[PDB]
Each structure stands twice: as structure tokens, then as C-alpha cells.
$ cat data_23.pdb   # PDB, N, CA and C atoms
MODEL        1
ATOM      1  N   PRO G   2     175.149  73.459  75.247
ATOM      2  CA  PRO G   2     174.332  72.964  76.382
ATOM      3  C   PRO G   2     175.001  73.355  77.694
ATOM      4  N   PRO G   3     174.464  74.368  78.393
ATOM      5  CA  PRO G   3     175.019  74.838  79.666
ATOM      6  C   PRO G   3     175.018  73.752  80.742
ATOM      7  N   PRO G   4     175.951  73.832  81.700
ATOM      8  CA  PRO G   4     176.065  72.864  82.790
ATOM      9  C   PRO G   4     174.906  72.994  83.785
ATOM     10  N   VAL G   5     174.416  71.856  84.264
ATOM     11  CA  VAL G   5     173.319  71.828  85.226
ATOM     12  C   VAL G   5     173.859  72.273  86.584
ATOM     13  N   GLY G   6     173.195  73.248  87.231
ATOM     14  CA  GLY G   6     173.779  73.771  88.454
ATOM     15  C   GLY G   6     173.636  72.854  89.653
ATOM     16  N   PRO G   7     173.977  73.351  90.853
ATOM     17  CA  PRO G   7     173.904  72.608  92.117
ATOM     18  C   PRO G   7     172.498  72.103  92.445
ATOM     19  N   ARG G   8     172.390  70.804  92.720
ATOM     20  CA  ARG G   8     171.111  70.170  93.052
ATOM     21  C   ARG G   8     170.739  70.249  94.535
TER
ATOM     22  N   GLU V 155     146.679  82.795  83.502
ATOM     23  CA  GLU V 155     147.182  82.220  82.220
ATOM     24  C   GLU V 155     148.192  81.100  82.465
ATOM     25  N   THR V 156     147.926  79.926  81.896
ATOM     26  CA  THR V 156     148.819  78.780  82.042
ATOM     27  C   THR V 156     150.102  79.060  81.255
ATOM     28  N   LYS V 157     151.232  79.064  81.957
ATOM     29  CA  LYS V 157     152.523  79.341  81.338
ATOM     30  C   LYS V 157     153.233  78.112  80.800
ATOM     31  N   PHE V 158     153.958  78.306  79.704
ATOM     32  CA  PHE V 158     154.711  77.236  79.062
ATOM     33  C   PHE V 158     156.138  77.685  78.812
ATOM     34  N   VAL V 159     156.988  76.720  78.488
ATOM     35  CA  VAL V 159     158.390  76.962  78.173
ATOM     36  C   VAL V 159     158.812  75.902  77.165
ATOM     37  N   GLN V 160     159.805  76.228  76.346
ATOM     38  CA  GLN V 160     160.303  75.280  75.361
ATOM     39  C   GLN V 160     161.737  74.879  75.685
ATOM     40  N   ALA V 161     162.042  73.609  75.451
ATOM     41  CA  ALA V 161     163.363  73.071  75.722
ATOM     42  C   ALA V 161     164.390  73.528  74.697
ATOM     43  N   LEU V 162     165.482  74.104  75.196
ATOM     44  CA  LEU V 162     166.578  74.570  74.350
ATOM     45  C   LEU V 162     167.498  73.399  74.023
ATOM     46  N   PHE V 163     167.743  72.557  75.026
ATOM     47  CA  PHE V 163     168.607  71.388  74.876
ATOM     48  C   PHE V 163     167.958  70.183  75.554
ATOM     49  N   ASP V 164     168.507  69.002  75.288
ATOM     50  CA  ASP V 164     168.025  67.774  75.905
ATOM     51  C   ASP V 164     168.469  67.824  77.362
ATOM     52  N   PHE V 165     167.711  67.180  78.236
ATOM     53  CA  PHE V 165     168.052  67.142  79.649
ATOM     54  C   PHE V 165     167.751  65.757  80.192
ATOM     55  N   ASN V 166     168.811  64.990  80.426
ATOM     56  CA  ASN V 166     168.686  63.644  80.962
ATOM     57  C   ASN V 166     168.867  63.766  82.474
ATOM     58  N   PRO V 167     167.824  63.423  83.255
ATOM     59  CA  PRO V 167     167.825  63.484  84.723
ATOM     60  C   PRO V 167     168.978  62.719  85.372
ATOM     61  N   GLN V 168     169.579  63.318  86.398
ATOM     62  CA  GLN V 168     170.694  62.704  87.121
ATOM     63  C   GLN V 168     170.181  62.123  88.438
ATOM     64  N   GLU V 169     169.176  62.784  89.006
ATOM     65  CA  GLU V 169     168.567  62.359  90.260
ATOM     66  C   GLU V 169     167.073  62.141  90.071
ATOM     67  N   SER V 170     166.462  61.443  91.022
ATOM     68  CA  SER V 170     165.030  61.172  90.968
ATOM     69  C   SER V 170     164.244  62.468  91.164
ATOM     70  N   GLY V 171     163.021  62.496  90.640
ATOM     71  CA  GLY V 171     162.186  63.679  90.759
ATOM     72  C   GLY V 171     162.454  64.729  89.694
ATOM     73  N   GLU V 172     163.350  64.413  88.763
ATOM     74  CA  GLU V 172     163.701  65.330  87.683
ATOM     75  C   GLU V 172     163.004  64.948  86.378
ATOM     76  N   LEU V 173     162.479  65.966  85.698
ATOM     77  CA  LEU V 173     161.761  65.814  84.437
ATOM     78  C   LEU V 173     162.693  65.691  83.232
ATOM     79  N   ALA V 174     162.504  64.630  82.455
ATOM     80  CA  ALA V 174     163.304  64.389  81.262
ATOM     81  C   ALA V 174     162.633  65.028  80.054
ATOM     82  N   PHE V 175     163.425  65.683  79.208
ATOM     83  CA  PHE V 175     162.899  66.309  77.999
ATOM     84  C   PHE V 175     163.926  66.475  76.886
ATOM     85  N   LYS V 176     163.424  66.506  75.653
ATOM     86  CA  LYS V 176     164.244  66.683  74.459
ATOM     87  C   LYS V 176     164.141  68.147  74.041
ATOM     88  N   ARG V 177     165.109  68.638  73.273
ATOM     89  CA  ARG V 177     165.042  70.029  72.850
ATOM     90  C   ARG V 177     163.853  70.189  71.911
ATOM     91  N   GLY V 178     163.163  71.315  72.028
ATOM     92  CA  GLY V 178     162.008  71.545  71.187
ATOM     93  C   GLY V 178     160.719  71.153  71.882
ATOM     94  N   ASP V 179     160.824  70.379  72.963
ATOM     95  CA  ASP V 179     159.646  69.956  73.725
ATOM     96  C   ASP V 179     159.055  71.153  74.445
ATOM     97  N   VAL V 180     157.728  71.203  74.508
ATOM     98  CA  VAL V 180     157.045  72.288  75.196
ATOM     99  C   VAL V 180     156.603  71.761  76.558
ATOM    100  N   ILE V 181     157.108  72.398  77.611
ATOM    101  CA  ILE V 181     156.814  72.022  78.989
ATOM    102  C   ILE V 181     155.833  73.004  79.630
ATOM    103  N   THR V 182     154.932  72.477  80.452
ATOM    104  CA  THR V 182     153.951  73.293  81.156
ATOM    105  C   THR V 182     154.521  73.609  82.531
ATOM    106  N   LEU V 183     154.512  74.884  82.903
ATOM    107  CA  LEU V 183     155.035  75.302  84.199
ATOM    108  C   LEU V 183     154.056  75.115  85.353
ATOM    109  N   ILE V 184     154.527  74.452  86.405
ATOM    110  CA  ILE V 184     153.740  74.216  87.611
ATOM    111  C   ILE V 184     154.252  75.198  88.667
ATOM    112  N   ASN V 185     155.571  75.206  88.872
ATOM    113  CA  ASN V 185     156.201  76.109  89.833
ATOM    114  C   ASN V 185     157.464  76.741  89.251
ATOM    115  N   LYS V 186     157.565  78.057  89.392
ATOM    116  CA  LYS V 186     158.693  78.815  88.871
ATOM    117  C   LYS V 186     159.343  79.655  89.980
ATOM    118  N   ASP V 187     158.941  79.403  91.224
ATOM    119  CA  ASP V 187     159.460  80.141  92.377
ATOM    120  C   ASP V 187     160.982  80.158  92.532
ATOM    121  N   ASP V 188     161.615  78.988  92.517
ATOM    122  CA  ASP V 188     163.071  78.923  92.633
ATOM    123  C   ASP V 188     163.673  79.304  91.285
ATOM    124  N   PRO V 189     164.559  80.314  91.263
ATOM    125  CA  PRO V 189     165.220  80.801  90.048
ATOM    126  C   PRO V 189     166.052  79.776  89.288
ATOM    127  N   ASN V 190     166.419  78.682  89.946
ATOM    128  CA  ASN V 190     167.239  77.655  89.307
ATOM    129  C   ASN V 190     166.472  76.403  88.910
ATOM    130  N   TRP V 191     165.737  75.832  89.857
ATOM    131  CA  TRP V 191     164.964  74.624  89.591
ATOM    132  C   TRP V 191     163.465  74.888  89.505
ATOM    133  N   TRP V 192     162.932  74.763  88.296
ATOM    134  CA  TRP V 192     161.515  74.971  88.048
ATOM    135  C   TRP V 192     160.837  73.620  87.939
ATOM    136  N   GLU V 193     159.546  73.591  88.246
ATOM    137  CA  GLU V 193     158.775  72.359  88.174
ATOM    138  C   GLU V 193     157.746  72.443  87.051
ATOM    139  N   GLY V 194     157.595  71.349  86.308
ATOM    140  CA  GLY V 194     156.643  71.322  85.214
ATOM    141  C   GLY V 194     156.113  69.944  84.859
ATOM    142  N   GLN V 195     155.186  69.914  83.903
ATOM    143  CA  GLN V 195     154.566  68.677  83.439
ATOM    144  C   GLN V 195     154.783  68.499  81.939
ATOM    145  N   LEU V 196     155.061  67.265  81.536
ATOM    146  CA  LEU V 196     155.269  66.928  80.131
ATOM    147  C   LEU V 196     154.504  65.630  79.874
ATOM    148  N   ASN V 197     153.228  65.794  79.526
ATOM    149  CA  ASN V 197     152.302  64.697  79.269
ATOM    150  C   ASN V 197     152.025  63.986  80.595
ATOM    151  N   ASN V 198     152.573  62.787  80.768
ATOM    152  CA  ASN V 198     152.364  62.006  81.986
ATOM    153  C   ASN V 198     153.298  62.427  83.116
ATOM    154  N   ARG V 199     154.569  62.602  82.773
ATOM    155  CA  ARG V 199     155.611  62.978  83.725
ATOM    156  C   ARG V 199     155.446  64.337  84.402
ATOM    157  N   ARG V 200     156.122  64.488  85.535
ATOM    158  CA  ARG V 200     156.120  65.718  86.317
ATOM    159  C   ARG V 200     157.445  65.747  87.077
ATOM    160  N   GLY V 201     158.083  66.910  87.136
ATOM    161  CA  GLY V 201     159.347  67.002  87.845
ATOM    162  C   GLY V 201     160.056  68.327  87.683
ATOM    163  N   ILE V 202     161.186  68.470  88.370
ATOM    164  CA  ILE V 202     161.975  69.693  88.304
ATOM    165  C   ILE V 202     163.060  69.615  87.230
ATOM    166  N   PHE V 203     163.493  70.779  86.754
ATOM    167  CA  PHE V 203     164.509  70.863  85.707
ATOM    168  C   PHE V 203     165.278  72.184  85.802
ATOM    169  N   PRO V 204     166.450  72.269  85.146
ATOM    170  CA  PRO V 204     167.295  73.466  85.139
ATOM    171  C   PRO V 204     166.662  74.559  84.274
ATOM    172  N   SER V 205     166.385  75.707  84.884
ATOM    173  CA  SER V 205     165.771  76.832  84.186
ATOM    174  C   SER V 205     166.599  77.357  83.015
ATOM    175  N   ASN V 206     167.910  77.133  83.061
ATOM    176  CA  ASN V 206     168.812  77.579  82.003
ATOM    177  C   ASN V 206     168.781  76.651  80.787
ATOM    178  N   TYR V 207     167.856  75.696  80.807
ATOM    179  CA  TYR V 207     167.687  74.756  79.704
ATOM    180  C   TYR V 207     166.411  75.074  78.933
ATOM    181  N   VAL V 208     165.679  76.086  79.391
ATOM    182  CA  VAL V 208     164.436  76.481  78.742
ATOM    183  C   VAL V 208     164.300  77.992  78.620
ATOM    184  N   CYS V 209     163.315  78.399  77.829
ATOM    185  CA  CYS V 209     162.990  79.803  77.618
ATOM    186  C   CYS V 209     161.491  79.824  77.319
ATOM    187  N   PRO V 210     160.820  80.975  77.520
ATOM    188  CA  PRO V 210     159.380  81.101  77.277
ATOM    189  C   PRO V 210     158.863  80.646  75.910
ATOM    190  N   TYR V 211     157.625  80.157  75.902
ATOM    191  CA  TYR V 211     156.976  79.685  74.680
ATOM    192  C   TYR V 211     155.588  80.309  74.616
ATOM    193  N   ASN V 212     154.812  80.108  75.674
ATOM    194  CA  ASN V 212     153.462  80.654  75.770
ATOM    195  C   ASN V 212     153.123  80.961  77.239
TER
ENDMDL
END

$ encode --input "data_23.pdb" --output "C-alpha cells"
Amino acid sequence: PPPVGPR
Amino acid sequence: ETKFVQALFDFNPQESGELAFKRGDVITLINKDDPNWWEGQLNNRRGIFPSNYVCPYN
């Protein structure tokens, strides 16, 4: 599960 | 043509306005303009999600 990028 | 995408992994929203989904769920694309955050609908819900968590379905 890849990391969620900048919001 | 109405575009769809399927969930690769589960995605639990961290902020408001984000769409929650389980892997295997088929999401309907509303907006795909931003390369990172796409917007879609999953039954009742509507919101943005990480594009790297999905891939094409239909």
C-alpha cells in the first residue's frame, strides 16, 4: 500500500 | 463514456472531503484533472482520493 501524497 | 477505476488497496480518509473505499471496490470517476487527487462517487458518497491507490476498470 503506497503512501498517500501531500494533501 | 463514463469512466471507472478499481481500488488496489483500502483507503481510510485522513481529512474531510475524502472518499473512503476498500480494495476491489469500483469507483466512478467525476474528475481526473489533478494527477494526484482524483474525484469520484461510490454509491452515496463522493470525494477525492489518491490516484496511486487505483487503476482503470472500465

$ residues_near_point --input "data_23.pdb" --point "(154.2, 62.1, 80.0)" --cutoff "12 Å" --atoms "only C-alpha atoms" --output "tab-separated table (two decimals) with N, CA and C atoms, keeping the file's coordinate frame"
chain	number	residue	atom	x	y	z
V	173	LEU	N	162.48	65.97	85.70
V	173	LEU	CA	161.76	65.81	84.44
V	173	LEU	C	162.69	65.69	83.23
V	174	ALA	N	162.50	64.63	82.46
V	174	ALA	CA	163.30	64.39	81.26
V	174	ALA	C	162.63	65.03	80.05
V	175	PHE	N	163.43	65.68	79.21
V	175	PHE	CA	162.90	66.31	78.00
V	175	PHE	C	163.93	66.47	76.89
V	179	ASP	N	160.82	70.38	72.96
V	179	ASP	CA	159.65	69.96	73.72
V	179	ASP	C	159.06	71.15	74.44
V	180	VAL	N	157.73	71.20	74.51
V	180	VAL	CA	157.04	72.29	75.20
V	180	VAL	C	156.60	71.76	76.56
V	181	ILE	N	157.11	72.40	77.61
V	181	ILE	CA	156.81	72.02	78.99
V	181	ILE	C	155.83	73.00	79.63
V	182	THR	N	154.93	72.48	80.45
V	182	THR	CA	153.95	73.29	81.16
V	182	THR	C	154.52	73.61	82.53
V	194	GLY	N	157.60	71.35	86.31
V	194	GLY	CA	156.64	71.32	85.21
V	194	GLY	C	156.11	69.94	84.86
V	195	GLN	N	155.19	69.91	83.90
V	195	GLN	CA	154.57	68.68	83.44
V	195	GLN	C	154.78	68.50	81.94
V	196	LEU	N	155.06	67.26	81.54
V	196	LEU	CA	155.27	66.93	80.13
V	196	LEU	C	154.50	65.63	79.87
V	197	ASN	N	153.23	65.79	79.53
V	197	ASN	CA	152.30	64.70	79.27
V	197	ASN	C	152.02	63.99	80.60
V	198	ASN	N	152.57	62.79	80.77
V	198	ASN	CA	152.36	62.01	81.99
V	198	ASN	C	153.30	62.43	83.12
V	199	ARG	N	154.57	62.60	82.77
V	199	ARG	CA	155.61	62.98	83.72
V	199	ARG	C	155.45	64.34	84.40
V	200	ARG	N	156.12	64.49	85.54
V	200	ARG	CA	156.12	65.72	86.32
V	200	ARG	C	157.44	65.75	87.08
V	201	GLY	N	158.08	66.91	87.14
V	201	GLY	CA	159.35	67.00	87.84
V	201	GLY	C	160.06	68.33	87.68

$ resolve_selection --input "data_23.pdb" --expression "the ChimeraX specification (/V@CA @<8) & /G@CA" --output "mmCIF file with N, CA and C atoms, in the coordinates of the input"
data_model
loop_
_atom_site.group_PDB
_atom_site.id
_atom_site.type_symbol
_atom_site.label_atom_id
_atom_site.label_comp_id
_atom_site.auth_asym_id
_atom_site.auth_seq_id
_atom_site.Cartn_x
_atom_site.Cartn_y
_atom_site.Cartn_z
ATOM 1 N N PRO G 2 175.149 73.459 75.247
ATOM 2 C CA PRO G 2 174.332 72.964 76.382
ATOM 3 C C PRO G 2 175.001 73.355 77.694
ATOM 4 N N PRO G 3 174.464 74.368 78.393
ATOM 5 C CA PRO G 3 175.019 74.838 79.666
ATOM 6 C C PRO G 3 175.018 73.752 80.742
ATOM 7 N N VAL G 5 174.416 71.856 84.264
ATOM 8 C CA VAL G 5 173.319 71.828 85.226
ATOM 9 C C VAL G 5 173.859 72.273 86.584
ATOM 10 N N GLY G 6 173.195 73.248 87.231
ATOM 11 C CA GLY G 6 173.779 73.771 88.454
ATOM 12 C C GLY G 6 173.636 72.854 89.653
#

$ atom_distance --input "data_23.pdb" --atom1 "CA of residue 156 (chain V)" --atom2 "atom C of residue 170 (chain V)"
24.2 Å

$ resolve_selection --input "data_23.pdb" --expression "the PyMOL selection byres ((chain V and resi 184) around 7)" --output "PyMOL selection string"
chain V and resi 157+182-183+185-187+192-195

$ atom_distance --input "data_23.pdb" --atom1 "atom C of residue 4 (chain G)" --atom2 "atom C of residue 155 (chain V)"
27.9 Å

$ axis_aligned_box --input "data_23.pdb" --around "chain G" --padding-each-side "3 Å" --output "lines of an AutoDock Vina configuration file"
center_x = 173.4
center_y = 72.5
center_z = 84.9
size_x = 11.3
size_y = 10.7
size_z = 25.3

$ atom_distance --input "data_23.pdb" --atom1 "CA of residue 188 (chain V)" --atom2 "CA of residue 211 (chain V)"
19.0 Å
